[PDB]
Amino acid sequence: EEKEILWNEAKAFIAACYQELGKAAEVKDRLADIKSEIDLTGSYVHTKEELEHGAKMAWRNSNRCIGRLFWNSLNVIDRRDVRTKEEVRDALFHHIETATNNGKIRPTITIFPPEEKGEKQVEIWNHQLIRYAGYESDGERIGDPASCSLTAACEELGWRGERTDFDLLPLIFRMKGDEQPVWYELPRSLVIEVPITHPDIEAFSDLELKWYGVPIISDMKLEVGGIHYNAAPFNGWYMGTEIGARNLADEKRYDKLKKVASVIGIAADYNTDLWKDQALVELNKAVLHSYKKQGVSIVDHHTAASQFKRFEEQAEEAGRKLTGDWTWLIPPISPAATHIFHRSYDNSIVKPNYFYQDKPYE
């Protein structure tokens, strides 16, 4: 039954993958090999070629991602060979370094061994590999509130944060057979951070804002042809709005709009003044300016929408169905200035893909 669902996913994925790779003729024999392997072992092992194309297809199928034009240049690092916590730590360190590439960010995924009996081999607790800690002590809020529960779990495990607004969470993951995860502090030399300044308004630096260079999503499951890669962190570069319209602006995150309004010299008193709107624009301008000034890759929402239009045209030229989730594709500032806003998208889930999974803490 679980075997049968594996077999059906496998058939469907190998046919589609080999067709795209111009290897349709090899499908029958590879399917035959896979069927026997599943028969004997209850599973099968992807070739390097299948794994790489599988991760790329998965990105291509990610409905919520505006960045999919560049799906075929994903850098796929195959770490199915790891067995120890030191090898895992060093793989994650290497992912950070190679993905960061001195600011010229490379879209990269590192793939650790997959689940077996739905038993995880490696379980990553971090939401992103680089993320800030969050604290609340009777009314007192410090850092990123979205990290509050992970931070509390790390501090159970013997870690202690400095209670700055920008403490870097350690890497935290658990190996099969261990009851408790392990944690390792990130080497600062690997982590690029960007101070946020504004191109025209000198006082903007009085806010002492910064953000990290690379978003490396580390808690989603990569599913390829029935195989469950629960531990497979991946990164791109940011779209500016993700930092300037959510991470630094949202009231449940860093909540900086009133402070922004003050430093850009407008009143924050009347809804009709559109002070939040103006503050959002200047903060988003600041974020783009700052990343560019420091040599760290970033894209603005207009350029990203333009790139996505090319992605839509490319799907159509290749005779592939396009899927998308309009609610995430539209940027959260000036959405109607993009073509995305003015059309609709089929939100069907197609595999391979990246999926949410339950968190081991909370």
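Residue numbers here begin at 1 and follow the sequence given. What we label the rigid core is the largest C-alpha set whose atoms superpose within 1.5 Å from one form to the other.
Farther from the shown form on average, by C-alpha root mean square after a core fit in 5 other deposited structures of this protein, is 133 to 141, of the stretches 133 to 141 and 286 to 294.
Of the two segments, 261 to 269 and 236 to 244, the one listed with the higher mean B-factor is 261 to 269 (C-alpha atoms only). Set 42 to 50 against 306 to 314 and average the Cα temperature factors; 42 to 50 ends up higher. Per the PDB record, 27 has a higher Cα B-factor than any other of 27, 57, 296, 330. In the PDB entry, the Cα temperature factor peaks, among 128, 137, 230, 108, at 137. When the CA B factors of the chain's modelled residues are split into thirds, the value for residue 158 lands in the highest one.
For residue 284, the recorded CA B-factor ranks within the lowest third of the chain. Only modelled residues enter the ranking. Residue-level temperature factors show residue 338 in the lowest third of its chain, judged at the C-alpha atom. Among the modelled residues of its chain, residue 32 has a C-alpha B-factor that falls in the highest third according to the deposited record.
Residue 276: CA B factor in the lowest third of modelled residues in this chain (values from the PDB entry).
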